[PDB]
Amino acid sequence: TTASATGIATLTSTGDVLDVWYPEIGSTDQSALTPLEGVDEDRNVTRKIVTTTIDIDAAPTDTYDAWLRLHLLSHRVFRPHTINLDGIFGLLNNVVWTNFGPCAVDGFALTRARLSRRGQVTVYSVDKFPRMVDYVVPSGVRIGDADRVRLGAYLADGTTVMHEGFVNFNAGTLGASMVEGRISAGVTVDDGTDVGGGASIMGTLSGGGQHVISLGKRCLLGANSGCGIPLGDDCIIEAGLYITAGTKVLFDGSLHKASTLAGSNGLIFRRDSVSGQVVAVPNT
Amino acid sequence: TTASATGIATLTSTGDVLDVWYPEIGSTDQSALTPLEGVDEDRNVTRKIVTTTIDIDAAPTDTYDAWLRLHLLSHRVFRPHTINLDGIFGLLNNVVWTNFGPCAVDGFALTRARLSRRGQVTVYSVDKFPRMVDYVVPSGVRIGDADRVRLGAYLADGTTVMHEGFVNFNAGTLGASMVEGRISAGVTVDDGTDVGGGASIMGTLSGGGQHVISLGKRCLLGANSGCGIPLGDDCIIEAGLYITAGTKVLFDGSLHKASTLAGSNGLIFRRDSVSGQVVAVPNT
Amino acid sequence: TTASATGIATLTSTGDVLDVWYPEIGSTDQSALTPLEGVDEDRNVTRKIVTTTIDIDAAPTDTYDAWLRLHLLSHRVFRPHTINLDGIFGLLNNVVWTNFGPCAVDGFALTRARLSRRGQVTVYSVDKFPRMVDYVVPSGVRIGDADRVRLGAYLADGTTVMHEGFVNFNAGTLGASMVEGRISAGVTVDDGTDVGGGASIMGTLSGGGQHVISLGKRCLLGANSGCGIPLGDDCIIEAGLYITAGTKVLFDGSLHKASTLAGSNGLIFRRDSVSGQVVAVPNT
C-alpha cells in the first residue's frame with residue numbers, strides 16, 4: 001500500500017539521518033515545519049523538510065522510509081504485521097537522544113562540550129529507536145514512564161502502559177488493555193487484556209517456533225508471569241509462572257508441550273500442589 | 001481532619017486543572033508564588049494561586065482537593081489509609097508531563113509545535129499522576145529513577161527506592177526500607193524491610209480478598225519474588241517465589257491456602273525439593 | 001596503579017562535593033573546561049577545575065578520588081575489581097540530579113523556587129550515584145533507558161542495555177552482551193551473554209557466600225530467571241527459574257546445593273516435569 005508524508009529530518013554533515021519527524025501522515029503542509037529548518041552548529045547537524053513515499057509491502061530502502069514506517073505504526077495508520085520492516089536495523093543510526101535533540105554518537109564528547117555552553121546536557125537514551133512520545137502521543141493512552149515505549153509501538157485507544165510496562169516497535173495493543181509487563185517486538189495483545197506487573201510476553205528463551213506470538217481478548221497474565229505461546233481469548237496465567245513453548249503441562253491426564261496448546265481459548269495455566277505439575281484447566 | 005494549603009494551579013482556558021503545586025502545607029505565604037503566576041500562550045494555560053481546605057475523612061470533591069490529598073501523603077503529613085481518596089480517578093485529568101511543564105492532552109500536537117520554537121520538547125510521562133519528585137522531594141530518601149514514584153507515595157526517612165523499584169500513590173514505606181521491587185496502591189511496608197529486585201507486592205492476580213495488604217518490620221522478599229498476603233514481622237520469601245493468596249503451602253504436615261497464614265510473624269516461605277511443595281517454616 | 005585526571009567539580013558553599021566531571025582521563029588540558037567555571041547563585045554552588053591523582057589499590061580518601069574511580073570504570077580504563085572502592089558510600093554525597101544539574105538535598109525547596117524563575121525544574125534522580133551517560137557515553141553501546149546505568153558501570157563495546165536492564169557501579173559486561181536484566185554491583189558477564197528480560201544476577205537473597213559472582217561467555221539467562229552462583233561458559237538458565245546458591249538441584253541422580261556447581265561450564269538449569277526437580281543437565 002502506498003503511504004506518504006511530509007516531515008523534517010535531522011542530518012549530519014555526512015548526510016546521515018539521525019531522525020525524521022512526521023507530525024502528521026498524508027499531508028502536504030510544509031510551512032508548519034519551515035521555522036524549524038536550519039543549522040545547529042553545536043551539534044553539527046542541519047534540519048531539512050522532506051517528503052517521503054513508500055510501499056508498505058516492500059522492504060524499506062533508506063533511513064527516511066524506516067522512520068516513516070515507525071510513525072505509521074505509532075500513529076495507528078497500520079497495525080503490527082501489516083508493514084514490512086525487513087532490514088530496518090541496518091537503516092537506523094545509533095543516536096544519542098539528549099535534551100537538545102538527537103546527536104551523533106561520533107564525536108559526542110565535542111558535541112557535549114559545545115552544548116554545555118547553552119545549558120546542562122542530559123542524555124535520555126542511546127539507541128537506534130527513540131522514545132515514541134517525543135514524535136507521536138497517540139490519543140486515549142497513558143504511559144507512566146515514557147522511556148519504555150519505542151517509536152513503532154502501536155497503543156490502542158484505552159491502553160495504559162504502567163511504569164514497569166514496556167512496548168517494543170511493531171508491537172502493542174489492539175484494544176483497550178492494561179500493560180504492566182513487557183511486550184516484545186512483533187507481539188500484540190487484544191481487548192481487555194491485563195499484562196501483569198513484570199510479566200514477559202515472548203521474552204528471551206520463551207519459545208522455539210520460527211514465528212512470533214499474540215494474545216487474544218481478556219487474557220490475564222499474573223504479576224511476574226511469562227508467556228511464550230500464542231493464546232486465544234479468556235486465558236489466565238498464574239502470578240509467578242512462566243509458560244514457555246517447551247514447558248510440560250498436565251492437560252487431560254498426560255503431559256504435553258505447551259506449544260501443543262497454542263491458540264487455545266479459555267485456559268487457566270497454574271501450578272497444582274497435589275500433582276506437582278503446571279496444569280491447564282478450563283476457565284469458567 | 002481539617003487540612004489546608006496555599007498553592008499554584010495550572011488551568012486550561014476551560015478551567016480544567018492540569019496540576020496544583022503546594023510547596024508547603026498549612027501555610028499562608030502567597031508571594032513566594034506570585035512571580036510564577038501568568039499566562040503561557042504556547043501551552044494555552046494560566047498559572048493561578050489558590051488556597052485549598054479539606055476534610056481528610058470526606059471523599060475529595062474537586063481536582064484541587066485531590067491534588068492536596070496527594071501532597072499530604074508525599075509530604076508525610078498523613079500516612080496511607082488515613083486520607084479518603086474515593087473517586088480520585090474521576091477528579092484527576094490525564095496530562096502530558098513535558099520539560100515545559102504540564103500540557104493538555106487535547107490539542108497536544110499544536111502545543112508541541114508552538115513549544116518547539118523555544119526548544120526541544122521532551123515528554124516524560126502521560127498520566128493522571130505526575131512524578132512525585134517534581135512536586136515534593138521528601139527528606140532522607142534516595143530514588144534511583146524518579147519516573148517510578150507517583151505523587152501520593154509516602155517514603156519514610158531512611159528509604160531507598162532503587163531504579164527497578166516502584167511506589168504507587170497511597171503506598172510506601174513506614175520506616176527505613178530498601179525498595180527494589182513494586183509496591184502497589186494501598187500497600188505499605190514497615191521498618192527494615194527489603195523488597196528485592198523485581199519483587200511484586202500485591203500485583204495483578206496475587207489475591208482475592210476485598211482488601212489491601214501490608215508487610216511488617218524486617219521482612220525480606222527475594223529478588224523476583226511476590227507476595228499477595230499481609231505478612232507480620234521477620235518474614236522471608238525466597239528469591240523467585242510468588243506467594244499468592246491462593247497458593248497452597250505446606251505448614252504442619254498439611255496443605256493450607258496462604259491466606260490462612262495472613263499476618264504471621266517469623267515465617268520463611270520457600271520451595272522444598274524433598275516435598276515438591278512451597279513450605280512455610282519458622283524463621284530463627 | 002597511579003591514575004590521574006583533570007576535571008570540573010561542583011561545590012556547595014560548605015565545600016561539599018556534589019559532583020566532579022572528568023571528560024577525559026590522563027589529560028592536562030584545563031582550558032576546555034575554563035568557560036564552565038563560575039557561580040550559580042540559584043543553586044548556591046560554584047564550579048571549579050581540579051586535578052586528581054590516585055592509587056587504584058589504595059582505598060579512596062576523599063570525594064574527588066571516589067568520582068575519579070567511577071569515571072575510570074565507565075571510561076573502561078580499568079575493569080571491575082581492579083580498583084579499590086572500599087568506603088565509597090561514605091565519600092559520595094546524596095544529590096538531587098535535576099535538568100539544571102546537581103543540587104544539594106539541604107534546602108532543595110529554596111533551590112527549586114529560585115531555579116523556577118529560569119524554567120521548569122525536573123528531578124531525574126535523588127542518589128549518591130548519577131546516571132552514567134551524563135558524565136561518560138562509552139563507545140559502541142546502546143542504552144534504552146539511561147536512568148538504569150550508574151556511573152561506575154563498565155559496558156564493553158558491542159553491549160546493548162535494554163530498557164528493563166540495569167547495571168550498577170563496579171559491574172557490567174566484559175564483551176559484547178545483550179543486557180535485558182539486572183547486574184548487581186561487583187557482577188560481570190562475558191562475551192556473547194544474553195541476560196534475559198527481567199532476569200536478576202546476584203539479587204537480594206540469591207546467595208550466601210562472602211563473595212561476588214560472574215558469568216562466563218555465551219551464557220543465556222531466560223526472561224524472569226535469576227542466578228546467585230558464579231557460572232562458567234555456555235550455561236543456560238530456563239526462563240522463569242531462579243537458581244539461588246541454596247537451591248537443590250538434581251545432577252547425577254542426587255540433590256546438591258547449586259553452590260557446589262559454581263563455575264561450571266556447559267550446564268543447562270531447568271525445571272523437569274517428570275522428577276519434579278530443578279535439574280542441571282549438559283549443554284550440547
# chains A, B, ... in the order shown; residues from 1 in each chain; ligands from 1
>>> closest_atom_pairs(of="chain C", to="chain B", cutoff="9 Å", atoms="only C-alpha atoms", output="CSV")
residue,atom,partner,partner_atom,distance
C:94,CA,B:142,CA,7.6
C:95,CA,B:142,CA,8.7
C:96,CA,B:137,CA,8.8
C:99,CA,B:99,CA,8.8
C:105,CA,B:139,CA,7.8
C:106,CA,B:139,CA,8.6
C:108,CA,B:137,CA,8.0
C:109,CA,B:23,CA,7.6
C:113,CA,B:32,CA,8.1
C:116,CA,B:36,CA,8.0
C:117,CA,B:36,CA,7.4
C:119,CA,B:100,CA,7.4
C:120,CA,B:100,CA,5.7
C:121,CA,B:134,CA,7.1
C:122,CA,B:134,CA,5.7
C:123,CA,B:134,CA,5.9
C:124,CA,B:146,CA,5.7
C:125,CA,B:146,CA,5.1
C:126,CA,B:143,CA,5.0
C:127,CA,B:142,CA,5.1
C:128,CA,B:142,CA,8.1
C:129,CA,B:144,CA,8.4
C:130,CA,B:144,CA,8.5
C:131,CA,B:144,CA,8.8
C:147,CA,B:145,CA,5.8
C:148,CA,B:163,CA,6.3
C:164,CA,B:164,CA,8.1
C:166,CA,B:163,CA,7.8
C:182,CA,B:197,CA,8.2
C:198,CA,B:198,CA,7.2
C:199,CA,B:224,CA,8.1
C:200,CA,B:223,CA,6.9
C:202,CA,B:223,CA,8.7
C:203,CA,B:223,CA,5.3
C:204,CA,B:223,CA,5.1
C:205,CA,B:222,CA,5.1
C:206,CA,B:239,CA,6.2
C:224,CA,B:224,CA,7.3
C:225,CA,B:240,CA,7.8
C:226,CA,B:240,CA,7.3
C:240,CA,B:240,CA,8.0
C:241,CA,B:240,CA,6.9
C:242,CA,B:240,CA,5.2
C:243,CA,B:240,CA,8.3
C:244,CA,B:239,CA,7.4
C:247,CA,B:273,CA,8.3
C:248,CA,B:273,CA,6.4
C:249,CA,B:273,CA,8.2
C:255,CA,B:273,CA,8.3
C:276,CA,B:276,CA,6.5
C:277,CA,B:273,CA,6.6
C:278,CA,B:273,CA,8.4
>>> residues_around(residues="residue 168 (chain C)", least_positions_apart="4", cutoff="6 Å", atoms="only C-alpha atoms", output="list in words")
residues 150, 153, 184 and 185 of chain C
>>> select_by_dssp(residues="region 42-269 of chain C", states="alpha helix (DSSP H)", output="number ranges by chain")
C: 63-74, 108-115
>>> residues_around(residues="region 63-73 of chain B", least_positions_apart="2", cutoff="6 Å", atoms="only C-alpha atoms", output="MDAnalysis selection string")
chainID B and resid 60 75:78 91:92 151:152 154
>>> write_last_selection(atoms="N, CA and C atoms", output="CSV table (one decimal), in the first residue's frame")
chain,number,residue,atom,x,y,z
B,60,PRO,N,-12.8,13.3,48.3
B,60,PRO,CA,-12.5,14.6,47.6
B,60,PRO,C,-13.6,15.0,46.6
B,75,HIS,N,4.3,14.7,51.3
B,75,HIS,CA,5.0,15.4,52.4
B,75,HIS,C,5.0,14.7,53.8
B,76,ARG,N,4.4,13.5,53.9
B,76,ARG,CA,4.3,12.7,55.0
B,76,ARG,C,3.6,13.4,56.2
B,77,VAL,N,2.5,14.2,55.9
B,77,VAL,CA,1.7,14.8,56.9
B,77,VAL,C,0.8,13.7,57.5
B,78,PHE,N,0.3,12.9,56.5
B,78,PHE,CA,-0.6,11.8,56.9
B,78,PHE,C,-0.1,10.5,56.2
B,91,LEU,N,-11.4,12.7,39.4
B,91,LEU,CA,-11.1,14.1,39.6
B,91,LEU,C,-9.8,14.6,39.0
B,92,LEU,N,-8.9,13.7,38.6
B,92,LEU,CA,-7.6,14.0,38.0
B,92,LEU,C,-7.6,14.0,36.5
B,151,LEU,N,3.4,10.9,42.7
B,151,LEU,CA,2.9,11.8,43.7
B,151,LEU,C,1.8,11.1,44.5
B,152,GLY,N,1.8,11.1,45.8
B,152,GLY,CA,0.9,10.4,46.7
B,152,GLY,C,1.6,9.2,47.4
B,154,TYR,N,4.3,7.7,49.9
B,154,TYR,CA,4.8,8.0,51.2
B,154,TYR,C,6.1,7.2,51.5
>>> atom_distance(atom1="CA of residue 58 (chain C)", atom2="CA of residue 155 (chain C)")
24.0 Å
>>> residues_around(residues="residue 263 (chain A)", least_positions_apart="6", cutoff="12 Å", atoms="only C-alpha atoms", output="list in words")
residues 213, 214, 215, 216, 217, 219, 228, 229, 230, 231, 232, 233, 234, 235 and 245 of chain A
>>> select_by_dssp(residues="region 179-218 of chain C", states="strand (DSSP E)", output="VMD selection string")
chain C and resid 179 182 to 183 188 to 189 194 to 195 200 to 201
>>> write_last_selection(atoms="C-alpha atoms", output="PDB file, in the first residue's frame")
ATOM      1  CA  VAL C 179      21.647  -6.949  28.943  1.00  0.00           C
ATOM      2  CA  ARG C 182      19.746  -6.610  36.318  1.00  0.00           C
ATOM      3  CA  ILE C 183      23.518  -6.766  37.055  1.00  0.00           C
ATOM      4  CA  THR C 188      30.312  -9.084  35.377  1.00  0.00           C
ATOM      5  CA  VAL C 189      29.232 -11.108  32.409  1.00  0.00           C
ATOM      6  CA  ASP C 194      22.260 -12.682  26.965  1.00  0.00           C
ATOM      7  CA  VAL C 195      20.735 -11.621  30.373  1.00  0.00           C
ATOM      8  CA  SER C 200      18.363 -10.982  38.164  1.00  0.00           C
ATOM      9  CA  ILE C 201      22.108 -11.689  38.663  1.00  0.00           C
TER      10      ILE C 201
END
>>> residues_around(residues="residue 41 (chain C)", least_positions_apart="3", cutoff="10 Å", atoms="only C-alpha atoms", output="PyMOL selection string")
chain C and resi 38+44-46+111+114-115
>>> atom_distance(atom1="CA of residue 282 (chain C)", atom2="CA of residue 264 (chain C)")
10.2 Å
>>> decode(residues="region 181-203 of chain A", atoms="N, CA and C atoms", output="compact mmCIF listing (two decimals), in the first residue's frame")
# COMPACT_ATOMS: atom_id res chain seq x y z
N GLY A 181 3.53 -5.24 32.00
CA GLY A 181 4.69 -6.02 31.71
C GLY A 181 5.22 -5.73 30.31
N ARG A 182 5.98 -6.67 29.76
CA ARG A 182 6.89 -6.40 28.65
C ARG A 182 6.44 -7.09 27.38
N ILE A 183 6.16 -6.29 26.34
CA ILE A 183 5.64 -6.81 25.03
C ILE A 183 6.81 -6.69 24.04
N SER A 184 7.36 -7.84 23.62
CA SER A 184 8.45 -7.88 22.70
C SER A 184 8.04 -7.50 21.28
N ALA A 185 9.01 -7.28 20.43
CA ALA A 185 8.74 -6.86 19.04
C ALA A 185 7.92 -7.94 18.34
N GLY A 186 6.88 -7.53 17.66
CA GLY A 186 6.09 -8.44 16.87
C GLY A 186 4.91 -8.94 17.70
N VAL A 187 4.85 -8.68 19.01
CA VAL A 187 3.78 -9.26 19.81
C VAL A 187 2.62 -8.23 19.95
N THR A 188 1.40 -8.73 19.90
CA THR A 188 0.20 -7.91 20.19
C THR A 188 -0.71 -8.62 21.16
N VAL A 189 -1.41 -7.82 21.95
CA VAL A 189 -2.47 -8.31 22.79
C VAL A 189 -3.76 -7.58 22.40
N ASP A 190 -4.88 -8.23 22.64
CA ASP A 190 -6.19 -7.74 22.23
C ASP A 190 -6.99 -7.24 23.44
N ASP A 191 -8.12 -6.67 23.09
CA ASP A 191 -9.07 -6.08 24.05
C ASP A 191 -9.28 -6.62 25.44
N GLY A 192 -9.18 -5.78 26.45
CA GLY A 192 -9.38 -6.19 27.83
C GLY A 192 -8.31 -7.08 28.44
N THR A 193 -7.20 -7.27 27.76
CA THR A 193 -6.04 -7.98 28.35
C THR A 193 -5.35 -7.14 29.43
N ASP A 194 -4.96 -7.83 30.51
CA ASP A 194 -4.13 -7.27 31.56
C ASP A 194 -2.81 -8.07 31.57
N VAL A 195 -1.70 -7.42 31.16
CA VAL A 195 -0.33 -7.98 31.27
C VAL A 195 0.17 -7.52 32.62
N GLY A 196 0.26 -8.42 33.58
CA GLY A 196 0.57 -8.00 34.93
C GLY A 196 1.98 -7.50 35.12
N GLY A 197 2.16 -6.87 36.27
CA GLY A 197 3.41 -6.25 36.60
C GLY A 197 4.60 -7.21 36.46
N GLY A 198 5.59 -6.82 35.69
CA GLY A 198 6.80 -7.62 35.46
C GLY A 198 6.63 -8.90 34.62
N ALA A 199 5.46 -9.12 34.06
CA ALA A 199 5.23 -10.26 33.15
C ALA A 199 5.95 -10.07 31.86
N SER A 200 6.28 -11.16 31.22
CA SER A 200 7.09 -11.15 29.99
C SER A 200 6.30 -11.85 28.91
N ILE A 201 6.10 -11.22 27.77
CA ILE A 201 5.44 -11.93 26.61
C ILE A 201 6.47 -12.08 25.55
N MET A 202 6.82 -13.32 25.24
CA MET A 202 7.79 -13.68 24.23
C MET A 202 9.20 -13.21 24.57
N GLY A 203 9.58 -13.31 25.83
CA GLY A 203 10.92 -12.93 26.24
C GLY A 203 11.96 -13.95 25.80
